[PDB]
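Notes to accompany the following structure.
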């Protein structure tokens, strides 16, 4: 997994690859590592798939309830605090590593959370096995005051660094843009640089090839 | 990590490097290890980022509630809440914390809370993996009631040496000055302190 | 153990504490860790007393035979015999050794041979459990080509700090001066260096 | 403690035709989650129309190929340049491998060539020497992905004549080099899709009475 | 382990269970009956850990009898086996799991057909023409895979068992001291007291 | 383990050794003879590790026969047992020790008296009226401690064994597949081919 | 350490030490063997250079290698002991590995090899 | 040791033109000992199908659990559950046991009765959802299945063709696995009808 | 793996399967588990593939050398003891092999020796070796008579290996049959279980469980 | 079997149109103590080869001697020692590869990762790697340890495939490598600011640059970073 976060002049953008693995086997060639905690608070998750998903939905659900109760837009710090305290309560047993970003009444925010519960703040961040490939790009091309377009390119380039150099990463690049005054824009499969080439032959079998022993209809209607 | 707190004529100054590692990888090169638990009571964190963050967050909550009920808490009281948390949970924490605060009557105060959970009030204290390398330097260069400038220099020199020898320390040097005048944040860069 | 060797204008000076422990017990409080392997080539021993003694004894034997056959050996050559022994037997030795010698053409030379068995020629070197505490102090107070007096003071100060913080170091501070003038043994007592 | 073994990934495959044989392998060489090289040949021409590849721990793999080639060299000296038959090479390789029975070469090896009747031949081995001659065989990291496919498309396993009520097995017609190359390419693009240690490039060595020819195809680099 | 065999023929289920009870170096008993009747047409055999074995069998017997009294009806063998699987499945994830394997042989008076269920301590349940727990299965499954027919008579079944028991007395390591055979059919449960030479 | 019994009566030594050879889950043979004749009046029985057992027995046989040819004489049973103890004692401190226990039954033609020696893989040697290796000893020692007399006849001895074998077939865990009995006396060594029902 | 080549070829192609070895045999007491149709007999002569020996204990001339094979000889007595011991040892080993006693031709081939080996070592 | 390799077995699902197929082997063994050749791993609640590989006891339990839940769902919702919804139910049910999970590898297949859209999904033992548009594999021969599927497969196969393809993937995969095989069943699902077929395969 | 060999009125029957595995991975269904040491000697293989296959090939070499040396065919007893002693020199090193040396000699007649890497060497009339042995024993034991016709003994053996191929996850592939008489061994074919099972099921009416 | 004591971190390298470049910092670590600073980890053999070494320093020093002995040995009875029969980069590598694999095979490895960079006599660029296990490989870029994870991703952007080599100039390449060294100084806690860099060009020969320093670092944004989430001052 390669996920990153990058702040630009008027917002924050996050990206991620789309590979899932079980040992050396690709479990899912196109899963979505970008989760919505609230309309304008998005989260990029790495680590144990089910854990990032579950913790992301739980806090998202509580954020919605809190929002409704306070009649206020959710704040990125609230998600950050609820997540970290949860992860800490579990002494790192919940294998979630996340980059949480978003825009709220107080501005744009970029944070990261580790399985044990520590959080960090920055203008650019990366997590996952592709963490280093991505960070090398970020450490090489990030500058203060980037435009929405520059940020997307940088983030997207960082993800590619992981897709190409990290066996734990690959496939596509997902992105989500959160700009201070607009709706967040989720760009699922913003990049698809790994389309499988046309197969050499069709393996469609001639009907009757398979030996059947018995047959029957199944009742679905009650 | 390299952290320290020094009392001087006008109050106290906290200092720290900005490196957080996961093995030999620098997870963060611009970490802020100087954390505020009250207007004029801060702390330097070392050990587990997750553990010290969780403890500081709780101490801050306790002091906020304390203030709501009985007014401003002393630096001693803050060092006591930290200590209570660290001692009572010693089996599940890895937090080496330095507590520093400025008081009008006591001026500057420093309390170090090492791994076991004991408390130690001192003129200054050093901690973190980088501290070992500057025990002699600091013991030979510390003086009581130095001036703000002499103290900033002592901390800048001490920590540059700690950063020099400890791979777990590095990045920029951060400082927080606490006096009757208020709260001043200081930052020093490699180009400046490396050549001291 | 706290040991160091420093080159200066007229040659080189070796220094060491005098404590040998077996756990927290001081088996010997007046140990002589400064060992002679040749007229003007000495070494500072740290680590296993048994291992460093056995190695020094063998190096001395090799240099004596060398001298019988090809005249006076260089300090480099002595540092090479130590290194050969330490590297080739790295799996069964715990010897951190500093080699120092005075030569008429090279003046003073210092070679440090850490645990792995590598060799490092430096202006000065520190070693032993107590060395960690004076990395910053020594880096901030060493200067090349100091005078005999300035060097004796540097070593006296550095080692008193090492002895102060390291429980494995202590007793008296011993020094050996190596110059064209000969070999001078120096000894300093607690009452003198503790209050430096 | 010191572990004298490593795993460099990759995968190989050998198909035997009526008057030819092929031995292919990807060209990716890895260590954990990093790529050491996108192009490090793994299949070799050992002379006498014999191609070989010992896949697994690359250091061991190279030592084996090197020791075998040296055996060929001496065979020529000792027996007046007499060509070494493939069945003979196989018996020799068994001794090379079983010779290290108590400190094995961590490799799965395959060799291809022509038998003494001009027919295509493929031999594969155990890390300790057990070998068999077959019509096809996949080895290495994605072996478990490819072999089943080969069992089906090269030996028509579980395939019957339509309409004959699964009573008549699909005849064993034989594959042409063109059809064999298609399977090899489809075998690898498939392995490349689900196995993180397989990719970058595909190098195929074709053996006929006229000699050894090479073909190269790129593979996804993620 | 102990021998636990079960075979379902045309109109009945036959269970055979070793009579030995060995502890360490000594065979303490040679007439032990590893069985509990759960209801007039349902018999359960068992093998496993020293104490869990009986505690579990009796605990289930108590529950099935309780159900019988309360409902004045006899649960089908399928229903009983399901209750048993449930209990074991709970057990497997409890503090101290029951280490017991069982065979359930019953005659379903409503469908008028014999039934045999094999259930291990994990709560793995399967219905079969013949089953076994422990090492016996390693010799008896292929045997019956050869000599077994669906429409066999009870008498044929008993010969099929004799065949299994002989193979076991020939090849198995331990002296299981023979078996006790019981038949479950439309008329209930009875013991073939003459198998020590049938 | 396997059963290795020995009993010395008035004018002979009788050895009984189990016939089973079990490997894991299967009894592979039921007629195995765990014995080697070292000389016309000296018999050795053995039990222990799968390969060491025979390799050791045969190695010794070869040496005793060699001594016999070279000296054209038969070593006394006492001398043979001492040679055997020495060999095992060396073994115990070697790289890979022989894991074999043995009983040595011989008739000393010079003293005209039967002798029985018990020797374990450690080189522990003792002469006794009766002995056993393995678990058998746990049942047979007190048995013979009760039913044994010095002046008994060979026939009485065989009954004394039958008594031991029955106890073993009743209480021992494994099915050792009966025993093979052999008698050593002034006329040499012979096998009681009829004990499967004597 | 001693490895001088004592048996070597001379100009005419003879190995004198081997030949002189036969001379030692020629000087030895006579030995003969004749095979019947269902048996074989071996006879040896007894010297008389000194007579007052104890024929009970004095080593005989016909040795049993195994229970079905014997060996007699002519030449140096001390030398024969070595050959006989080796043959006996081999007889026991053969019984062990082949699970069958040696054939007379095999036992013979073994003894002959030992002698040959001592002509070029 | 490994709970997921005690009993053995495999399941695979494929999408086709307005149809979905799900198949499984029939083996149920204990280590090397094959015990039952009639242990089906596919189940269904209404028009939604669920295949489950892994520890047999957990396979049975999850089935009984989902029947229980889908029945109440129908009583309260007054309509049968859909594939997409069921997938979520399966996912949360599994994660509810995050630290003492059921050792299974669930696979959901079906046609959304409202959209007519074909649906298949896979899960890891603690609930991670994998929603593929082409195929989903699971079991002790999952590697072999990934190889067969990635090769044999192609989009929009007709029900008659999809049957051939999903059967060849299953059969050849099981034959390279000592713990899978011993028979197999395949389901071809269309909006209006569902056909079940028992395949003929090696019995070793 | 499943291998068996039994002695009867018509000589000896030898049957083996042809499956090779590495963990749960079926490495092959075409392994030759019988080695024709020579026109009158056979060797069966169970356990470690390379171990059996390498050491038995070596055995064949030692056997041939014996004949060149003694101008006579090696005995079954002695051939089995060569492998036995070799393997014993390696005791503790981890060799893995359950083997059967089967042959005929005018002097011994039909003979069978079981030899494993443990050092165990046994002569017998019946032996089943391998992860499938018990399954073979179950069928073989209950239908064995010293009086089977060469044709019936051949089937019993074949059927016995079929039984193991079916019940043992680690056995399968095809069956390889041999008959040993004083004129050496007679090969009796390779029977792929893929068709043998169904054929036997229908014709014999056994394997009643599996549905077809 | 051993365990590294004093260690050198990454060694990075890449090839351009006319040669290869290789670099490594001058630090000799001792656990987390950045103990020694004047450690040259780039060893030139002749003037057509540079061997970069990471891992155990005492072992590195041993390999240094082996390399120098090789140069001495090759000159023995060799009239063409500095001509046709001079040491080729490829010879030096095979030797080292041989030694490395033999040592791991005797279970007493030289605890290092090595990269041999140079130019063959026919002008061809030479770049190959070998580690303590005896594994070897080539690629347009090669790096050991931390550099494999962070340097390669960067360097590969310049030379992603063989056809990129001829299009890459020394300037571009040296810049890519100098930048990678800065990045490694940012995230590798066992690195140093000082390093050596060497160029082996088929026309200009060997250029060995010592005492370089990482410059042009970005740290200013650090002042804007306060707290770890909610802290405002």
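Protein chains in written order, with our numbering: chain A, -1 to 220; chain B, 2 to 197; chain C, 2 to 197; chain D, 468 to 689; chain E, 593 to 790; chain F, 593 to 790; chain G, 45 to 165; chain H, 310 to 513; chain I, 1430 to 1641; chain J, 22 to 254.
The C-beta atom is built at its ideal place from N, Cα and C for all residues, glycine as well.
Kindly list, in the order they appear in chain C, the residues whose Cβ is closer than 8 Å to that of residue i.
| i | result |
| --- | --- |
| residue 32(J) | Result: empty, since nearest Cβ-Cβ is about 17 Å, beyond 8 Å. |
Confirm, please, whether the CB-CB distance from residue j to residue i is below 9 Å.
| i | j | result |
| --- | --- | --- |
| residue 3(A) | residue 50(A) | no |
| residue 43(J) | residue 218(J) | yes |
| residue 1506(I) | residue 1574(I) | no |
| residue 19(C) | residue 135(C) | no |
| residue 618(F) | residue 1486(I) | no |
Quick check on DSSP: helix, strand or coil for residue i?
| i | result |
| --- | --- |
| residue 684(D) | strand |
| residue 53(B) | helix |
| residue 112(G) | coil |
| residue 514(D) | strand |
| residue 58(A) | helix |
| residue 689(E) | coil |
| residue 661(D) | helix |
| residue 728(E) | helix |
| residue 27(C) | strand |
| residue 154(A) | helix |
| residue 670(F) | helix |
So with CB distances below 7 Å, who are the chain C contacts of residue i?
| i | result |
| --- | --- |
| residue 57(J) | 121 |
Residue i versus chain G: which residues are under 7 Å apart at the beta carbon?
| i | result |
| --- | --- |
| residue 1510(I) | 141, 143 |
In chain order, what residues of the same chain lie with their CB nearer than 7 Å to the CB of residue i, ignoring the 5 residues before and after it?
| i | result |
| --- | --- |
| residue 343(H) | 336, 491 |
Residues in its own chain within less than 8 Å of residue i by CB, not counting five upstream and five downstream?
| i | result |
| --- | --- |
| residue 25(B) | 168 |
Check the C-beta distance from residue i over to residue j and give it rounded, since I have them as a contact under 8 Å.
| i | j | result |
| --- | --- | --- |
| residue 16(B) | residue 108(B) | Not really, about 18 Å apart at Cβ, beyond 8 Å. |
| residue 6(C) | residue 111(C) | 5 Å |
Please list, in chain order, the chain D residues whose beta carbon lies closer than 7 Å to that of residue i.
| i | result |
| --- | --- |
| residue 20(A) | Under the 7 Å cutoff, chain D gives no residues; its nearest Cβ is about 10 Å from residue 20(A). |
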